[PDB]
Amino acid sequence: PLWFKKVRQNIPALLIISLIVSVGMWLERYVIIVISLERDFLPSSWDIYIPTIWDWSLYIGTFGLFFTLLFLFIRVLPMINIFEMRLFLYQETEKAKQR
Amino acid sequence: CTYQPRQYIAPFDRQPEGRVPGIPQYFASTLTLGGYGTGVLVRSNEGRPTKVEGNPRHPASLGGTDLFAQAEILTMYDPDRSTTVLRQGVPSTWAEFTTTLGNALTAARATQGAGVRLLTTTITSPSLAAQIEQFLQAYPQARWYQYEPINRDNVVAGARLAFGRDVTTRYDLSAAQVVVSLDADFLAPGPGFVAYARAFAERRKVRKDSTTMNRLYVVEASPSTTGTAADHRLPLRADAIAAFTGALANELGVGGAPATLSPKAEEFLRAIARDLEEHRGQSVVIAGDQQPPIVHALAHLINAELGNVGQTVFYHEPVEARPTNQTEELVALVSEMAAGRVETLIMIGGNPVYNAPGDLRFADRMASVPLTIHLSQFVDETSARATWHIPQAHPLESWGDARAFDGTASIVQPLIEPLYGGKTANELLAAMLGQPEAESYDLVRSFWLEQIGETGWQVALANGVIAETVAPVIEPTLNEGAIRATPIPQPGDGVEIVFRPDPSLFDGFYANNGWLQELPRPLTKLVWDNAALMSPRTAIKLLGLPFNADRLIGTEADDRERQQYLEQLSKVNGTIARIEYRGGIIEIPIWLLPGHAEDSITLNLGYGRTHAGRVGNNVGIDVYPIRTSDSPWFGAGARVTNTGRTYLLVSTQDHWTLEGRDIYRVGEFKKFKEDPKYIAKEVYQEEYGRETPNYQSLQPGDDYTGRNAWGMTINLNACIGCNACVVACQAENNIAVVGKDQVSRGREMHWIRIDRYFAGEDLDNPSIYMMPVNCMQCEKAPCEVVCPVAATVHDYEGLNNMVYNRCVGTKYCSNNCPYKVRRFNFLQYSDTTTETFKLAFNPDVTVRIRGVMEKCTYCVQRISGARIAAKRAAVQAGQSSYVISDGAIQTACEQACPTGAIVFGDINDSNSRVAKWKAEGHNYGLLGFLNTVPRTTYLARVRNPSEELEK
Ligand code: SF4
Ligand code: SF4
Ligand code: SF4
Ligand code: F3S
């Protein structure tokens with residue numbers, strides 16, 4: 001859908017696709033690592049990987065740490081570079097003068 | 001803070017005379033599995049037993065040992081062994097028992113000992129037999145009444161039918177070109193197992209020079225280790241074997257009965273008969289203990305006709321003291337207990353309440369008896385219901401004598417004073433004979449002195465055998481009329497039940513031992529559990545599973561599809577089936593065994609104990625209640641309804657087939673004689689189009705041309721999948737025992753593993769392949785290259801070095817190991833709180849902590865000791881030679897193997913056995929397309945098929 005311009009313009013469509021892409025990339029890493037490791041050269045050494053609750057707990061915990069750091073960043077420091085944005089305005093005004 | 005704690009050191013007060021500190025010693029002792037002694041050499045690190053090995057001078061234990069002898073060390077150090085005398089479960093004293101016993105016996109002297117009864121197992125000790133005979137002389141009306149669940153009653157019954165006298169049958173497999181086995185496991189643990197395995201394996205081992213190989217034909221209800229090492233195997237029902245034996249005698253022309261049989265069985269009969277009469281005096285017929293007495297009588301008759309007697313089969317005077325029908329003697333005792341005639345019962349071991357068949361109701365009849373005394377070495381179920389329980393000294397810590405199947409009279413020697421005290425069986429007999437406080441050492445020595453003499457006693461202790469004692473060869477006379485005039489019962493009464501001793505737990509005595517319970521059972525790979533074993537077809541019909549079961553049958557073209565179907569047929573393993581045999585319901589989970597006979601179920605004894613130690617306290621389902629005295633090893637009718645309610649069964653392998661890969665190589669003998677390299681020349685033609693694969697490597701490696709190089713060769717033809725090597729590695733390298741939950745998560749720690757591939761056409765009657773897998777010590781090792789902290793690096797000799805202290809636990813090395821032989825300590829598996837287990841650990845090898853990887857180290861402790869000793873000898877001589885002998889270093893697995901499949905030696909020394917074996921044309925390394933260049937290599941299996949059955 002991203003190929004079509006209308007889908008890219010729509011803000012809800014972008015959010016849904018971005019969430020699906022984030023899940024798909026996790027699945028890609030899972031496929032590359034776990035599936036390849038499960039079955040190997042010797043058939044006798046074949047077993048299935050079943051994740052427990054503790055690795056999931058670590059995963060949500062890392063999400064929480066990431067968002068905590070983001071929230072402190074946005075509270076204390078500016079989210080948008082104050083300079084390089086007024087310089088961008090200066091560059092845009094000069095472009096208008098040279099048409 | 002300081003690097004380490006004070007680490008105080010405590011020395012002796014009086015030095016032992018013959019001991020040099022830090023130097024282990026070896027002592028000769030005897031360990032008995034079925035009451036038949038097997039000579040063992042046991043290492044005493046500092047006065048404590050630590051490692052059991054074989055006695056090269058002992059018949060039936062020439063270096064090789066069975067798993068039960070290996071795992072006796074952990075049994076002697078079980079933290080659940082009895083420590084005190086219990087009156088009625090309350091601690092008491094030995095003196096109080098001696099007073100009570102004396103009063104009870106003098107109260108029974110009014111009669112002739114009519115109330116006094118005994119109950120031992122198969123007793124072969126000359127000292128105990130003489131003491132029991134003297135006690136019977138003192139009390140005329142006393143009875144011995146031997147019994148043990150795994151006995152040889154049918155053998156002696158058949159002997160008394162064929163010869164009219166109890167004889168001891170011995171088989172010389174070295175001179176038998178054809179061996180036929182009627183439901184007989186001679187390659188499974190039992191009397192004479194190590195001797196039979198070594199002789200059979202030597203014939204199977206084939207080199208370019210060799211021109212002859214032995215052939216084995218086996219007919220059996222359940223696939224077994226003997227079945228695995230057979231050129232031809234027929235899965236006949238257990239009841240049908242007696243009819244098959246009668247038919248074989250009839251076609252040979254000896255007295256028998258023609259029996260209707262399946263066409264495959266008839267073809268097998270034609271091949272066996274045709275192979276015989278072509279090898280007269282070069283053939284032997286072996287009948288299993290489970291089979292009925294008529295089968296044994298027919299086997300003696302067939303051997304006499306072929307003239308095999310005196311060449312392959314030898315008859316000797318009976319070695320088991322007084323041979324008797326044990327099941328009938330127990331039935332006589334239970335009836336007397338029900339009547340109330342017995343007033344005193346003394347039992348030396350044997351766990352009678354648990355072991356006795358359910359129909360007998362021994363426990364209910366035991367209550368009637370006023371006094372019952374049990375010597376068990378553990379507080380067993382019988383001891384719990386018995387007054388005056390007395391702890392029994394373990395064989396390692398006790399003075400004793402035992403006789404081998406051939407007859408040896410070997411002497412058991414204590415390596416340590418009893419840890420918890422306890423009394424030997426002879427000491428109990430002495431108290432009954434009126435001599436209390438009699439030392440075991442004096443009782444055994446007094447009997448032996450004046451028979452072999454004081455000088456003989458000294459030689460007997462130094463060696464593991466008594467030269468004077470052996471069974472005399474006798475020539476018995478075969479009674480043709482008695483053997484011919486026998487019923488030969490016909491098979492067929494509905495679903496049948498086969499009762500087989502557990503491969504790892506035996507009769508359930510070893511249920512407490514952790515190593516045996518954790519050991520994967522051969523051919524089923526199950527751990528910590530008991531399951532009903534049935535063929536895939538049997539499960540589909542009885543449990544109504546939705547599978548065709550004919551899809552498995554097919555040609556080589558659809559082999560990959562049929563292997564996938566077998567995986568789909570699996571996952572039904574663990575469904576609980578309620579089985580009703582004779583008024584008894586077992587409710588046991590079912591595990592599918594492909595090679596099993598149709599309409600037959602195998603149930604393993606030794607499970608469901610309730611008074612066993614914390615390990616194996618309640619594991620598996622007890623099969624003893626359903627078992628009946630009239631038919632101990634066979635069953636006639638079983639309902640086998642399916643109750644669903646699937647129960648998790650844990651297996652180590654988790655895959656039953658090789659997926660079209662060159663892991664196991666199998667070739668015919670006739671083609672091998674023309675070209676030894678034919679098996680290797682083939683395969684490469686299918687894969688690359690050329691006879692030789694031109695593997696190319698971008699990595700140099702190391703020369704190793706002028707230095708000792710250590711390599712191992714494993715012979716596929718010799719291996720029988722006994723699993724003795726796995727137990728030997730666990731004892732030698734202090735490998736931890738993980739729980740059933742850890743095995744379920746695939747975290748079992750075993751340096752050596754045996755894999756069953758079950759690969760064949762049909763897949764309902766597959767050919768079992770057993771391959772031992774251990775670190776290959778690859779000259780170019782992938783695991784070493786991926787290690788960040790350099791914990792795994794190579795060695796000057798060529799050994800891969802794994803340093804536990806350096807390992808940080810990344811686990812990258814296991815991922816890059818192609819053979820997946822590396823085991824990681826995910827949790828703290830090692831036991832730190834148990835003093836007895838701490839004594840068991842070998843000092844030479846470190847006890848690993850959590851977070852470190854482990855792998856086979858080619859028994860580095862043995863190699864380092866030999867290298868230090870060779871260097872020390874060279875410097876003292878002044879030669880500076882540093883020469884190590886070929887036989888100087890033997891790995892624990894190499895010593896343990898009864899067959900001799902594993903050989904360890906220098907590769908560079910061309911005169912070493914490993915160098916000669918590695919020059920064979922059928923030697924190869926696993927996964928050659930990876931440029932690992934392993935040092936552990938395999939010899940491709942060579943078979944000897946008869947043109948009748950095969951072509
Ligand atoms: S077998 Fe595995 S652990 Fe052993 S040397 Fe080879 S790659 Fe390393
Ligand atoms: S060589 Fe030693 S460590 Fe390796 S498998 Fe054999 S017994 Fe175990
Ligand atoms: S290699 Fe191991 S499993 Fe095979 S026969 Fe020898 S001891 Fe038994
Ligand atoms: S990668 Fe290395 S760090 Fe240990 S777990 Fe393996 S030897």
# chains A, B, ... in the order shown; residues from 1 in each chain; ligands from 1
>>> interface_residues(of="chain B", to="chain A", cutoff="9 Å", atoms="only C-alpha atoms", output="list in words")
residues 652, 653, 654, 655, 656, 657, 658, 659, 661, 663, 745, 746, 755, 756, 757, 815, 818, 819, 820, 821 and 927 of chain B
>>> residues_around(residues="residue 72 (chain B)", least_positions_apart="6", cutoff="10 Å", atoms="only C-alpha atoms", output="number ranges by chain")
B: 31, 50-52, 78, 394-396, 510, 513, 515-516, 731
>>> write_last_selection(atoms="N, CA, C and O atoms", output="PDB file, in the first residue's frame")
ATOM      1  N   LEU B  31      31.157 -57.649  42.141  1.00  0.00           N
ATOM      2  CA  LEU B  31      29.791 -57.060  42.204  1.00  0.00           C
ATOM      3  C   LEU B  31      28.813 -58.030  41.531  1.00  0.00           C
ATOM      4  O   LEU B  31      29.112 -58.466  40.407  1.00  0.00           O
ATOM      5  N   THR B  50      35.792 -44.688  44.340  1.00  0.00           N
ATOM      6  CA  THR B  50      35.403 -43.537  43.480  1.00  0.00           C
ATOM      7  C   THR B  50      35.120 -43.987  42.038  1.00  0.00           C
ATOM      8  O   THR B  50      34.279 -43.336  41.391  1.00  0.00           O
ATOM      9  N   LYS B  51      35.787 -45.040  41.549  1.00  0.00           N
ATOM     10  CA  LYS B  51      35.600 -45.454  40.132  1.00  0.00           C
ATOM     11  C   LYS B  51      35.719 -46.971  39.996  1.00  0.00           C
ATOM     12  O   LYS B  51      36.770 -47.506  40.359  1.00  0.00           O
ATOM     13  N   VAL B  52      34.691 -47.620  39.454  1.00  0.00           N
ATOM     14  CA  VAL B  52      34.691 -49.064  39.253  1.00  0.00           C
ATOM     15  C   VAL B  52      35.127 -49.358  37.827  1.00  0.00           C
ATOM     16  O   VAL B  52      34.692 -48.693  36.881  1.00  0.00           O
ATOM     17  N   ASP B  78      24.400 -43.195  48.272  1.00  0.00           N
ATOM     18  CA  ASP B  78      23.005 -42.687  48.303  1.00  0.00           C
ATOM     19  C   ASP B  78      22.741 -42.127  49.703  1.00  0.00           C
ATOM     20  O   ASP B  78      23.089 -42.802  50.689  1.00  0.00           O
ATOM     21  N   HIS B 394      26.953 -52.518  52.206  1.00  0.00           N
ATOM     22  CA  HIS B 394      27.026 -52.483  50.722  1.00  0.00           C
ATOM     23  C   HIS B 394      28.187 -53.380  50.281  1.00  0.00           C
ATOM     24  O   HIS B 394      29.153 -53.496  51.051  1.00  0.00           O
ATOM     25  N   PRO B 395      28.166 -54.014  49.088  1.00  0.00           N
ATOM     26  CA  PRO B 395      29.241 -54.926  48.699  1.00  0.00           C
ATOM     27  C   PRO B 395      30.617 -54.241  48.726  1.00  0.00           C
ATOM     28  O   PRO B 395      31.569 -54.883  49.122  1.00  0.00           O
ATOM     29  N   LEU B 396      30.688 -52.967  48.332  1.00  0.00           N
ATOM     30  CA  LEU B 396      31.974 -52.217  48.325  1.00  0.00           C
ATOM     31  C   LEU B 396      32.547 -52.128  49.743  1.00  0.00           C
ATOM     32  O   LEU B 396      33.779 -52.160  49.870  1.00  0.00           O
ATOM     33  N   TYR B 510      17.774 -50.414  41.528  1.00  0.00           N
ATOM     34  CA  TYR B 510      18.582 -49.226  41.150  1.00  0.00           C
ATOM     35  C   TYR B 510      17.700 -47.999  40.897  1.00  0.00           C
ATOM     36  O   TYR B 510      18.207 -47.017  40.328  1.00  0.00           O
ATOM     37  N   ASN B 513      19.105 -44.885  42.395  1.00  0.00           N
ATOM     38  CA  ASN B 513      20.339 -44.334  41.773  1.00  0.00           C
ATOM     39  C   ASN B 513      19.959 -43.268  40.743  1.00  0.00           C
ATOM     40  O   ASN B 513      19.145 -43.573  39.853  1.00  0.00           O
ATOM     41  N   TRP B 515      22.018 -41.751  38.401  1.00  0.00           N
ATOM     42  CA  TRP B 515      22.642 -41.894  37.058  1.00  0.00           C
ATOM     43  C   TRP B 515      21.795 -42.814  36.183  1.00  0.00           C
ATOM     44  O   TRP B 515      21.550 -42.451  35.021  1.00  0.00           O
ATOM     45  N   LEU B 516      21.364 -43.953  36.726  1.00  0.00           N
ATOM     46  CA  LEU B 516      20.596 -44.941  35.922  1.00  0.00           C
ATOM     47  C   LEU B 516      19.226 -44.386  35.515  1.00  0.00           C
ATOM     48  O   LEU B 516      18.826 -44.604  34.361  1.00  0.00           O
ATOM     49  N   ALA B 731      30.483 -41.096  35.976  1.00  0.00           N
ATOM     50  CA  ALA B 731      31.286 -41.351  37.192  1.00  0.00           C
ATOM     51  C   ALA B 731      32.667 -40.697  37.096  1.00  0.00           C
ATOM     52  O   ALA B 731      33.083 -40.062  38.083  1.00  0.00           O
TER      53      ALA B 731
END
>>> residues_around(residues="residue 377 (chain B)", least_positions_apart="6", cutoff="7 Å", atoms="only C-alpha atoms", output="NGL selection string")
:B and (81-82 or 391-394)
>>> residues_near_ligand(ligand="ligand 1", cutoff="8 Å", atoms="only C-alpha atoms and all ligand atoms", output="ChimeraX atom specification")
/B:774-784,800,813-814,816-822,855-856,932,934
>>> write_last_selection(atoms="N, CA, C and O atoms", output="mmCIF file, in the first residue's frame")
data_model
loop_
_atom_site.group_PDB
_atom_site.id
_atom_site.type_symbol
_atom_site.label_atom_id
_atom_site.label_comp_id
_atom_site.auth_asym_id
_atom_site.auth_seq_id
_atom_site.Cartn_x
_atom_site.Cartn_y
_atom_site.Cartn_z
ATOM 1 N N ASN B 774 30.448 -38.491 20.591
ATOM 2 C CA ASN B 774 31.230 -37.771 21.632
ATOM 3 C C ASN B 774 32.017 -36.677 20.905
ATOM 4 O O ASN B 774 31.969 -36.675 19.664
ATOM 5 N N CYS B 775 32.682 -35.770 21.625
ATOM 6 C CA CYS B 775 33.371 -34.662 20.914
ATOM 7 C C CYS B 775 34.353 -35.278 19.918
ATOM 8 O O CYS B 775 35.077 -36.215 20.306
ATOM 9 N N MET B 776 34.382 -34.764 18.688
ATOM 10 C CA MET B 776 35.230 -35.363 17.625
ATOM 11 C C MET B 776 36.653 -34.802 17.700
ATOM 12 O O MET B 776 37.496 -35.266 16.918
ATOM 13 N N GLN B 777 36.895 -33.827 18.582
ATOM 14 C CA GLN B 777 38.249 -33.236 18.746
ATOM 15 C C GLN B 777 38.751 -32.801 17.369
ATOM 16 O O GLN B 777 39.885 -33.166 17.017
ATOM 17 N N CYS B 778 37.903 -32.076 16.617
ATOM 18 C CA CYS B 778 38.193 -31.626 15.220
ATOM 19 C C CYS B 778 39.488 -30.778 15.136
ATOM 20 O O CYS B 778 39.540 -29.769 15.862
ATOM 21 N N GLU B 779 40.477 -31.137 14.279
ATOM 22 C CA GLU B 779 41.754 -30.382 14.163
ATOM 23 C C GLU B 779 41.420 -28.926 13.846
ATOM 24 O O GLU B 779 42.047 -28.037 14.450
ATOM 25 N N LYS B 780 40.473 -28.689 12.938
ATOM 26 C CA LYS B 780 40.002 -27.299 12.707
ATOM 27 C C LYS B 780 38.636 -27.238 13.384
ATOM 28 O O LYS B 780 37.692 -27.821 12.834
ATOM 29 N N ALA B 781 38.523 -26.539 14.514
ATOM 30 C CA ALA B 781 37.259 -26.599 15.280
ATOM 31 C C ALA B 781 36.468 -25.301 15.159
ATOM 32 O O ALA B 781 36.989 -24.246 15.550
ATOM 33 N N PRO B 782 35.209 -25.354 14.679
ATOM 34 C CA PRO B 782 34.359 -24.166 14.592
ATOM 35 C C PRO B 782 34.072 -23.553 15.972
ATOM 36 O O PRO B 782 33.999 -22.345 16.065
ATOM 37 N N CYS B 783 33.913 -24.389 17.000
ATOM 38 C CA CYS B 783 33.594 -23.894 18.366
ATOM 39 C C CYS B 783 34.716 -22.986 18.881
ATOM 40 O O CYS B 783 34.398 -21.983 19.544
ATOM 41 N N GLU B 784 35.975 -23.338 18.616
ATOM 42 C CA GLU B 784 37.134 -22.529 19.078
ATOM 43 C C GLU B 784 37.132 -21.149 18.418
ATOM 44 O O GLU B 784 37.430 -20.168 19.125
ATOM 45 N N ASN B 800 41.120 -30.772 21.859
ATOM 46 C CA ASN B 800 40.436 -29.466 22.060
ATOM 47 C C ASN B 800 40.418 -29.187 23.566
ATOM 48 O O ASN B 800 40.057 -30.102 24.327
ATOM 49 N N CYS B 813 29.663 -21.112 21.119
ATOM 50 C CA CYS B 813 30.387 -22.341 20.694
ATOM 51 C C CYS B 813 29.422 -23.499 20.420
ATOM 52 O O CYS B 813 29.641 -24.218 19.430
ATOM 53 N N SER B 814 28.395 -23.671 21.258
ATOM 54 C CA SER B 814 27.404 -24.762 21.066
ATOM 55 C C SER B 814 26.683 -24.561 19.735
ATOM 56 O O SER B 814 26.434 -25.561 19.044
ATOM 57 N N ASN B 816 27.810 -23.148 17.001
ATOM 58 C CA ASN B 816 28.691 -23.431 15.835
ATOM 59 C C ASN B 816 29.205 -24.876 15.867
ATOM 60 O O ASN B 816 29.860 -25.278 14.893
ATOM 61 N N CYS B 817 28.901 -25.647 16.914
ATOM 62 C CA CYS B 817 29.318 -27.074 16.899
ATOM 63 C C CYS B 817 28.357 -27.857 16.004
ATOM 64 O O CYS B 817 27.156 -27.890 16.314
ATOM 65 N N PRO B 818 28.838 -28.497 14.917
ATOM 66 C CA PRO B 818 27.978 -29.240 13.995
ATOM 67 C C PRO B 818 27.314 -30.452 14.660
ATOM 68 O O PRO B 818 26.176 -30.732 14.344
ATOM 69 N N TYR B 819 28.041 -31.146 15.538
ATOM 70 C CA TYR B 819 27.526 -32.394 16.159
ATOM 71 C C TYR B 819 26.733 -32.091 17.436
ATOM 72 O O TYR B 819 26.168 -33.044 18.001
ATOM 73 N N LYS B 820 26.701 -30.828 17.876
ATOM 74 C CA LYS B 820 25.907 -30.422 19.072
ATOM 75 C C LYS B 820 26.278 -31.286 20.283
ATOM 76 O O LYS B 820 25.351 -31.770 20.957
ATOM 77 N N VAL B 821 27.577 -31.473 20.539
ATOM 78 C CA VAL B 821 28.048 -32.343 21.660
ATOM 79 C C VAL B 821 28.364 -31.502 22.904
ATOM 80 O O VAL B 821 28.866 -32.087 23.882
ATOM 81 N N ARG B 822 28.091 -30.193 22.881
ATOM 82 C CA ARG B 822 28.470 -29.315 24.022
ATOM 83 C C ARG B 822 27.271 -29.110 24.955
ATOM 84 O O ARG B 822 26.188 -28.778 24.443
ATOM 85 N N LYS B 855 32.221 -30.353 27.696
ATOM 86 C CA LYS B 855 32.299 -31.204 26.476
ATOM 87 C C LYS B 855 33.243 -32.371 26.778
ATOM 88 O O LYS B 855 33.966 -32.280 27.783
ATOM 89 N N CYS B 856 33.244 -33.410 25.938
ATOM 90 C CA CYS B 856 34.157 -34.565 26.145
ATOM 91 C C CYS B 856 35.604 -34.066 26.109
ATOM 92 O O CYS B 856 35.940 -33.318 25.176
ATOM 93 N N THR B 932 36.210 -29.790 9.151
ATOM 94 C CA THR B 932 36.575 -29.822 10.563
ATOM 95 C C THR B 932 37.740 -30.769 10.816
ATOM 96 O O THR B 932 38.527 -30.553 11.744
ATOM 97 N N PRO B 934 37.815 -34.239 11.855
ATOM 98 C CA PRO B 934 37.712 -34.814 13.197
ATOM 99 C C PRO B 934 38.772 -35.873 13.446
ATOM 100 O O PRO B 934 39.303 -36.488 12.518
#
>>> residues_around(residues="residue 575 (chain B)", least_positions_apart="4", cutoff="6 Å", atoms="only C-alpha atoms", output="PDB file with N, CA, C and O atoms, in the first residue's frame")
ATOM      1  N   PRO B 589       0.834 -44.795  30.557  1.00  0.00           N
ATOM      2  CA  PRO B 589       0.983 -44.066  29.286  1.00  0.00           C
ATOM      3  C   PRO B 589       1.677 -44.933  28.225  1.00  0.00           C
ATOM      4  O   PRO B 589       2.445 -45.789  28.601  1.00  0.00           O
ATOM      5  N   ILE B 590       1.392 -44.706  26.939  1.00  0.00           N
ATOM      6  CA  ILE B 590       1.942 -45.602  25.875  1.00  0.00           C
ATOM      7  C   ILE B 590       3.024 -44.895  25.048  1.00  0.00           C
ATOM      8  O   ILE B 590       2.844 -43.709  24.728  1.00  0.00           O
ATOM      9  N   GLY B 644      -7.740 -41.583  26.849  1.00  0.00           N
ATOM     10  CA  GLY B 644      -7.267 -40.219  26.536  1.00  0.00           C
ATOM     11  C   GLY B 644      -6.365 -39.721  27.653  1.00  0.00           C
ATOM     12  O   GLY B 644      -5.438 -40.471  28.020  1.00  0.00           O
ATOM     13  N   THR B 646      -3.814 -37.596  27.966  1.00  0.00           N
ATOM     14  CA  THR B 646      -2.384 -37.802  27.605  1.00  0.00           C
ATOM     15  C   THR B 646      -1.455 -37.299  28.717  1.00  0.00           C
ATOM     16  O   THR B 646      -1.742 -36.229  29.288  1.00  0.00           O
TER      17      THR B 646
END
>>> closest_atom_pairs(of="chain B", to="ligand 4", cutoff="10 Å", atoms="only C-alpha atoms and all ligand atoms", output="JSON lines")
{"residue": "B:783", "atom": "CA", "partner": "ligand 4", "partner_atom_place_in_ligand_line": "1 (S)", "distance": 6.9}
{"residue": "B:784", "atom": "CA", "partner": "ligand 4", "partner_atom_place_in_ligand_line": "2 (Fe)", "distance": 7.5}
{"residue": "B:785", "atom": "CA", "partner": "ligand 4", "partner_atom_place_in_ligand_line": "1 (S)", "distance": 8.8}
{"residue": "B:786", "atom": "CA", "partner": "ligand 4", "partner_atom_place_in_ligand_line": "1 (S)", "distance": 6.0}
{"residue": "B:787", "atom": "CA", "partner": "ligand 4", "partner_atom_place_in_ligand_line": "2 (Fe)", "distance": 3.9}
{"residue": "B:788", "atom": "CA", "partner": "ligand 4", "partner_atom_place_in_ligand_line": "2 (Fe)", "distance": 6.0}
{"residue": "B:789", "atom": "CA", "partner": "ligand 4", "partner_atom_place_in_ligand_line": "3 (S)", "distance": 5.9}
{"residue": "B:790", "atom": "CA", "partner": "ligand 4", "partner_atom_place_in_ligand_line": "2 (Fe)", "distance": 6.6}
{"residue": "B:791", "atom": "CA", "partner": "ligand 4", "partner_atom_place_in_ligand_line": "7 (S)", "distance": 5.0}
{"residue": "B:792", "atom": "CA", "partner": "ligand 4", "partner_atom_place_in_ligand_line": "7 (S)", "distance": 5.3}
{"residue": "B:793", "atom": "CA", "partner": "ligand 4", "partner_atom_place_in_ligand_line": "7 (S)", "distance": 9.1}
{"residue": "B:801", "atom": "CA", "partner": "ligand 4", "partner_atom_place_in_ligand_line": "7 (S)", "distance": 9.6}
{"residue": "B:802", "atom": "CA", "partner": "ligand 4", "partner_atom_place_in_ligand_line": "7 (S)", "distance": 6.6}
{"residue": "B:803", "atom": "CA", "partner": "ligand 4", "partner_atom_place_in_ligand_line": "7 (S)", "distance": 7.6}
{"residue": "B:804", "atom": "CA", "partner": "ligand 4", "partner_atom_place_in_ligand_line": "4 (Fe)", "distance": 7.6}
{"residue": "B:805", "atom": "CA", "partner": "ligand 4", "partner_atom_place_in_ligand_line": "4 (Fe)", "distance": 9.3}
{"residue": "B:806", "atom": "CA", "partner": "ligand 4", "partner_atom_place_in_ligand_line": "3 (S)", "distance": 7.2}
{"residue": "B:807", "atom": "CA", "partner": "ligand 4", "partner_atom_place_in_ligand_line": "4 (Fe)", "distance": 3.9}
{"residue": "B:808", "atom": "CA", "partner": "ligand 4", "partner_atom_place_in_ligand_line": "3 (S)", "distance": 4.5}
{"residue": "B:809", "atom": "CA", "partner": "ligand 4", "partner_atom_place_in_ligand_line": "5 (S)", "distance": 4.0}
{"residue": "B:810", "atom": "CA", "partner": "ligand 4", "partner_atom_place_in_ligand_line": "5 (S)", "distance": 4.5}
{"residue": "B:811", "atom": "CA", "partner": "ligand 4", "partner_atom_place_in_ligand_line": "5 (S)", "distance": 3.7}
{"residue": "B:812", "atom": "CA", "partner": "ligand 4", "partner_atom_place_in_ligand_line": "1 (S)", "distance": 4.1}
{"residue": "B:813", "atom": "CA", "partner": "ligand 4", "partner_atom_place_in_ligand_line": "1 (S)", "distance": 4.0}
{"residue": "B:814", "atom": "CA", "partner": "ligand 4", "partner_atom_place_in_ligand_line": "6 (Fe)", "distance": 6.3}
{"residue": "B:815", "atom": "CA", "partner": "ligand 4", "partner_atom_place_in_ligand_line": "1 (S)", "distance": 8.5}
{"residue": "B:816", "atom": "CA", "partner": "ligand 4", "partner_atom_place_in_ligand_line": "1 (S)", "distance": 8.9}
{"residue": "B:817", "atom": "CA", "partner": "ligand 4", "partner_atom_place_in_ligand_line": "6 (Fe)", "distance": 9.9}
{"residue": "B:822", "atom": "CA", "partner": "ligand 4", "partner_atom_place_in_ligand_line": "6 (Fe)", "distance": 8.6}
{"residue": "B:823", "atom": "CA", "partner": "ligand 4", "partner_atom_place_in_ligand_line": "5 (S)", "distance": 9.0}
{"residue": "B:824", "atom": "CA", "partner": "ligand 4", "partner_atom_place_in_ligand_line": "5 (S)", "distance": 7.1}
{"residue": "B:825", "atom": "CA", "partner": "ligand 4", "partner_atom_place_in_ligand_line": "5 (S)", "distance": 9.4}
{"residue": "B:851", "atom": "CA", "partner": "ligand 4", "partner_atom_place_in_ligand_line": "5 (S)", "distance": 7.7}
{"residue": "B:852", "atom": "CA", "partner": "ligand 4", "partner_atom_place_in_ligand_line": "4 (Fe)", "distance": 6.1}
{"residue": "B:853", "atom": "CA", "partner": "ligand 4", "partner_atom_place_in_ligand_line": "5 (S)", "distance": 5.0}
{"residue": "B:854", "atom": "CA", "partner": "ligand 4", "partner_atom_place_in_ligand_line": "7 (S)", "distance": 8.3}
{"residue": "B:855", "atom": "CA", "partner": "ligand 4", "partner_atom_place_in_ligand_line": "7 (S)", "distance": 9.6}
>>> select_by_dssp(residues="region 694-900 of chain B", states="alpha helix (DSSP H)", output="PyMOL selection string")
chain B and resi 724-733+740-744+782-785+812-816+835-840+860-877+892-896
>>> residues_around(residues="residue 518 (chain B)", least_positions_apart="4", cutoff="7 Å", atoms="only C-alpha atoms", output="VMD selection string")
chain B and resid 514 527 to 528 737
>>> closest_atom_pairs(of="chain B", to="ligand 3", cutoff="6 Å", atoms="only C-alpha atoms and all ligand atoms", output="CSV")
residue,atom,partner,partner_atom_place_in_ligand_line,distance
B:719,CA,ligand 3,5 (S),3.7
B:720,CA,ligand 3,5 (S),4.4
B:721,CA,ligand 3,3 (S),3.7
B:722,CA,ligand 3,8 (Fe),3.8
B:723,CA,ligand 3,3 (S),3.9
B:724,CA,ligand 3,7 (S),4.4
B:725,CA,ligand 3,7 (S),4.2
B:772,CA,ligand 3,1 (S),5.7
B:896,CA,ligand 3,7 (S),5.8
B:897,CA,ligand 3,7 (S),3.6
B:899,CA,ligand 3,5 (S),5.5
B:901,CA,ligand 3,6 (Fe),5.6
B:902,CA,ligand 3,1 (S),6.0
